[PDB]
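As a starting point, one isolated chain is supplied in structure tokens, in the form solved without the named molecule.
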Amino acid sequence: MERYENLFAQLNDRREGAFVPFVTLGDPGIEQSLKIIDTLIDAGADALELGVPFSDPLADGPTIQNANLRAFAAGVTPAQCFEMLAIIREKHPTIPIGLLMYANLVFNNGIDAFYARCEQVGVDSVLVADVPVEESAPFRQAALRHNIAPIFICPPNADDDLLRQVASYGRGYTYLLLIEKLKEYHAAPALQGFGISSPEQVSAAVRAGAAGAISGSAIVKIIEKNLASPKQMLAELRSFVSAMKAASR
């Protein structure tokens, strides 16, 4: 498919930025996670970035580390995440769905098999947190064979060489953590990540030239704060996402 391409074209046709929220699949539970996700979408999320709980997320802060703890406490496994992914895609045919993975869960039962599974459930992209562009060959090749866009992070300490690689190897969107150079090398639309927790940062991202913004932990923080009340959790998630999406317009 070309869900990202269709999304960005539609967003551009109305000078709008994309707002992409991140959540951990199965946090704090399978049932509640599915509801959280449906809420994020009803509230205006343009695409989703979903994490699959991993034992050692060496590339995540406390918010995410705790999110995995909650998920594992709920017995969430990669197999269950994929069952969830299938359900989510069956309810929402057009919203781009990107996974944030750790190399081992991808490599475990074979890289090709992982991306084949992604295509089967309808996933659109995959960002492997601990695979630099230097080690990405087998991953992006497998992704492309299965119509999965391989996503790469463009770090702050990046250089021109990394920029050329990321532009050449990525698809769907570039995970920005510069914008002119990326556009210059025809890189996938850039989404601003890291620190997106208020509407002004969304507007600032779009104004900077980015195609949108990703809220890497703010969503998870709202979940963390409303664990005691599932109903208040969804309500606050709706208000937050609604506010963040309006800022992209």
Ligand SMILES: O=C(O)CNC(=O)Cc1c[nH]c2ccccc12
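Throughout, we count residues from 1 along the sequence that is shown.
Omitted from view is the form deposited with the named molecule bound, to which the following refers.
Peer 1: Open vs blocked: the named molecule (in the deposited complex) superimposed by pocket C-alphas, blocked if 3 or more ligand atoms lie within 2.4 Å of a backbone or C-beta atom?
Peer 2: Answer blocked: 3 or more ligand atoms come within 2.4 Å of backbone or C-beta.
Peer 1: Counting only non-hydrogen atoms, which stretch in 178 to 186, 191 to 199, 204 to 212, 27 to 35 is within 4.5 Å of the named molecule in the deposited complex?
Peer 2: Heavy-atom contact with the partner occurs in 191 to 199.
Peer 1: Heavy atom within 4.5 Å of the named molecule in the deposited complex: which of 126, 85, 71, 153?
Peer 2: The residue in contact is 153.
Peer 1: Using the partner position in the deposited complex, report whether residue 46 sits within 4.5 Å of the named molecule, counting heavy atoms only.
Peer 2: Answer no; every heavy atom of residue 46 is more than 4.5 Å from the named molecule in the deposited complex.
Peer 1: Can you check whether residue 222 is within 4.5 Å of the named molecule in the deposited complex, heavy atom basis?
Peer 2: No, no contact at 4.5 Å.
Peer 1: At 4.5 Å between heavy atoms, is residue 100 in contact with the named molecule in the deposited complex?
Peer 2: Looking in the deposited complex, residue contacts with the named molecule include residue 100, since a heavy atom lies within 4.5 Å.
Peer 1: Report yes if any heavy atom of residue 216 sits within 4.5 Å of a heavy atom of the named molecule in the deposited complex; otherwise report no.
Peer 2: Residue 216 belongs to the contact set for the named molecule.
Peer 1: Looking at the named molecule in the deposited complex, is some heavy atom of each of 114, 137 and 143 within 4.5 Å of it?
Peer 2: Judged in the deposited complex, none of 114, 137 and 143 sits within 4.5 Å of the named molecule.
Peer 1: Can you tell me which residues in 48 to 73 come within 4.5 angstroms of the named molecule in the deposited complex, by heavy atoms?
Peer 2: Heavy-atom contacts within 4.5 Å come from 49, 59, 60, 64.
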